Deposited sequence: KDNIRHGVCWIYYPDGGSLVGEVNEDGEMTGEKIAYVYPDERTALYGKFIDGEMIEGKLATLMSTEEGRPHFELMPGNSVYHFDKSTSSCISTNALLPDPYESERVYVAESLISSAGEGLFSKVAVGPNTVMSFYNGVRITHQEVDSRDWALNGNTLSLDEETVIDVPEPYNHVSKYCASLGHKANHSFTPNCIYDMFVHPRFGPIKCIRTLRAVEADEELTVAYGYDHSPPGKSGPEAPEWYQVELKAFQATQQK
């Protein structure tokens, strides 16, 4: 009896459970929100040990049919810690890689930005926001200069992409931290349960976005915020 466990974010775990009703085996898979891209392979109690990129070709009476994608890239549960962002910082996420890219932002003096590779509709997960996990106290007690990439995960954890991981050349496992701020954003940060990164946040569209449109999110700073933010705020309230 095949079992599908769907997360509120749209992703899911699928496969036959053992005598103990656990997602353990060599033919288990995590399926991304597009219900097409998947990581097929060895899992233990739902945890990814060795997942290979695959495509969910079809499903018959709940039984999925996957076919491996060309390549030798395998993925595994690799939750970050306060000092380790990833065991393989240069291994990108396959779902994210087909939906977004980094380029110079259209926003003046905003540095790099995150752009869509495809035209998609509302509520589409586009990118992942992984990073090291630190406390709110550590973040709030330091200079804003060090909090350019900090994003609260919950009441006890803050996700960060500190130097030198803020450079694509040093880290591309996830790219959510590259989305710039806007008071008229086309995306929002949302909770996401990732098979590789574990509990993190993702960037989800609020509406239709076009290919090559810059993805933006409202940083939501208390109206305690950077100067560029306060400047754009005034320029926003006005005009």
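**Request:** Counting from 1 along the deposited sequence, give me every gap where there's no C-alpha, start to finish.
**Result:** Sequence ranges with no C-alpha atoms are 1 to 6, 230 to 237, 254 to 256.
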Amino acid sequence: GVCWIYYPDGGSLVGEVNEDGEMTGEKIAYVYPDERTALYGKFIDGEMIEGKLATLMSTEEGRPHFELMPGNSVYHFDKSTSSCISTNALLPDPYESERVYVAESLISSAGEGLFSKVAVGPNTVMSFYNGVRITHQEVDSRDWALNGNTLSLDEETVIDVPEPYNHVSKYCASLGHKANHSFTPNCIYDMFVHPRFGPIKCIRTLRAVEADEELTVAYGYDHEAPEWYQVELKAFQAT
From here on, numbers count along this sequence of modelled residues.
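Take the two forms, superpose them, and find the largest set of C-alpha atoms that agree within 1.5 Å; that set is the rigid core.
**Message:** Core-aligned, RMS over all structures and residues: is 200 to 208 or 54 to 62 the stretch with the greater C-alpha displacement in 7 other deposited structures of this protein?
**Reply:** When 200 to 208 and 54 to 62 are compared in 7 other deposited structures of this protein, 54 to 62 lies farther out.
**Request:** With everything overlaid on the rigid core, name the stretch, 124 to 132 or 78 to 86, whose CA atoms wander farther on average in 7 other deposited structures of this protein.
**Result:** With the rigid core fitted, 78 to 86 is the stretch that strays more in 7 other deposited structures of this protein.
**Prompt:** For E224, does the count of other compared entries lacking it reach at least a third?
**Reply:** Yes; at least one third of the other entries leave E224 out.
**Request:** Between 82 to 90 and 112 to 120, point out the one with the higher average CA B-factor as the PDB entry records it.
**Result:** Between 112 to 120 and 82 to 90, it is 82 to 90 that shows the higher mean C-alpha B-factor.
**Message:** Test of understanding: from the entry's C-alpha B-factors, which stretch has the higher mean, 212 to 220 or 225 to 233?
**Reply:** Mean CA B-factor is higher for 225 to 233.
**Candidate residues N130, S152, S141, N149, the one whose C-alpha B factor the record puts highest** = When the deposited C-alpha B-factors of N130, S152, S141, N149 are compared, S141 is largest.
**Asked** When the CA B-factors of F66, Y32, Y189, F197 are compared as recorded in the entry, which is the largest?
**Response** It is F66.
**Prompt:** Taking the entry's C-alpha B-factors for this chain, is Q137 in the lowest, middle or highest third?
**Reply:** It falls in the top third of the chain.
**Request:** Could you tell me which third, lowest, middle or highest, the C-alpha B-factor of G41 occupies within its chain?
**Result:** According to the entry, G41 has a C-alpha B-factor in the chain's middle third.
**Asked** Is the Cα B-factor recorded for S58 in the lowest, middle or highest third of its chain?
**Response** Its C-alpha B-factor belongs to the highest third of this chain's values.
**Request:** Check where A145 lands among this chain's C-alpha B-factors and tell me if it's the lowest, middle or highest third.
**Result:** For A145, whose C-alpha B-factor we compare with every modelled residue in the chain, the answer is the highest third.
**Item:** CA B-factor ranking of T157, expressed as a third of its chain
**Value:** Middle third of the chain for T157's C-alpha B-factor.
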